[PDB]
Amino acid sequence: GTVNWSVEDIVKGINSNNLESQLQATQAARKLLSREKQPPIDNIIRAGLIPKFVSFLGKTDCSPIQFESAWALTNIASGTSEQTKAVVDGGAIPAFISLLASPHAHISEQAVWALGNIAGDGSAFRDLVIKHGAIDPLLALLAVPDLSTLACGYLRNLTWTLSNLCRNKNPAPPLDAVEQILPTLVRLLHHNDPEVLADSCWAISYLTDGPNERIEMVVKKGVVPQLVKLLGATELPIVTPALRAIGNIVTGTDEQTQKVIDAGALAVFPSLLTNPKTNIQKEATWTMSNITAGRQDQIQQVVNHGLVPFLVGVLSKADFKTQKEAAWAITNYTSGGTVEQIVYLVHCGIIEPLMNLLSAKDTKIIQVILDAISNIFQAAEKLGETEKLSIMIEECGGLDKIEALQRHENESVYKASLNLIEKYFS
């Protein structure tokens, strides 16, 4: 019975000069720390136990206590930053890296998990694990001809820990470390386990969340087609990270955006823009807005894939945050589109849902919508149809909303609305 010990009892055994007594007390600690109901992490720390557990990690002659202390420390490091700091301050990082070479797979697996929790705390501990040299021995655990010969849960823990070494910003991970890890990530992105695939996508989503140079590192490895494939998965835990990565990539250059289009991404958006999960719809529309902010041949691909009606749809009815991203998508479209393309947008029914959003209580969206209108009127000037458009806006309740906005707090608001009235409604 190593179930239900007190912290006092645990200390009494760990302080005995008896390796087996110490092993029993350490397993008692592990069991305390792995219960679902409020594990006593702070009590264990305050008792002074972390250095003892860390020293046990190196008892190569007694693998069972290696395992139990590894598990106990993993769960202490699963806590707050203060609690994770206590494990790091105990010297655990070099000890856990040594354990990655254990002949016992359940012990090296536990060291992988622990290092994951430590790197997961944030930039500084992530960089400290990398400085202690964790990356080489981690990648060596995956150097096998066929990943399917590894145990499912073992491979899942490795992938998870690798994703945490790619995670966080200010600063982003070291470029040399990212180069070392990317080949393996690419391989894991082609493995058939849903969990490996979700964490592999999260990892790529972290790496692509930066300057164009970071994006380029990823795009150069050729993973965009595989990302678009996973974008079409049925498992929402895969789609979510894959969509986030595609969206990061289209914040880049027009040349990087094009590789996403060339890979087929736009064919998946009819479903993404009608997806029942609000965050999918939000992220798909933000991605669309960064695509309508590209070249005119790229706006044209949006048109050819039949996505303008779906943007009209999201503008008409969706969570407000999604509608806001849809408005951005329209302003970018009208700002960089041809005349023919802006005409098409109007013929798809954009004006009424655009007008209905002017009575929203968000200052920024109103600015966005007014810019878009302005842009459309400019295209109507070029066709000398500014009157037809004025009538249209009048017929759906639009002129009322624009005139009311003239007497509105913000400056850009009253300036832009007053301009429109003077210029097209006189």
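Counting begins at 1, following the sequence as shown.
A.B. asks: Would you tell me which stretch averages the higher CA B-factor in the PDB entry, 379-387 or 30-38?
C.D. replies: Stretch with the greater average CA B-factor: 379-387.
A.B. asks: Pick between 350-358 and 172-180: the one whose mean CA B-factor in the entry is higher.
C.D. replies: Between 350-358 and 172-180, it is 350-358.
A.B. asks: Say you rank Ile330, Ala119, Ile135, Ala265 by Cα B-factor from the PDB entry; which sits at the top?
C.D. replies: So the option with the highest C-alpha B-factor is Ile330.
A.B. asks: Could you tell me which third, lowest, middle or highest, the C-alpha B-factor of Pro225 occupies within its chain?
C.D. replies: Answer is lowest: the recorded C-alpha B-factor places it there.
A.B. asks: Check where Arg187 lands among this chain's C-alpha B-factors and tell me if it's the lowest, middle or highest third.
C.D. replies: Within its chain, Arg187 is a lowest-third residue by C-alpha B-factor, going by the deposited values.
A.B. asks: Among the modelled residues of its chain, does the C-alpha B-factor of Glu109 lie in the lowest, middle or highest third?
C.D. replies: As the PDB entry reports it, the C-alpha B-factor of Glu109 lands in the lowest third of its chain.
A.B. asks: Which third, lowest, middle or highest, does the CA B-factor of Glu20 fall in along this chain?
C.D. replies: Lowest third - that is where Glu20 ends up once the chain's C-alpha B-factors are sorted.
A.B. asks: What third of the chain does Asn75 rank in for C-alpha temperature factor, lowest, middle or highest?
C.D. replies: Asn75: CA B-factor falls in the lowest third of its chain.
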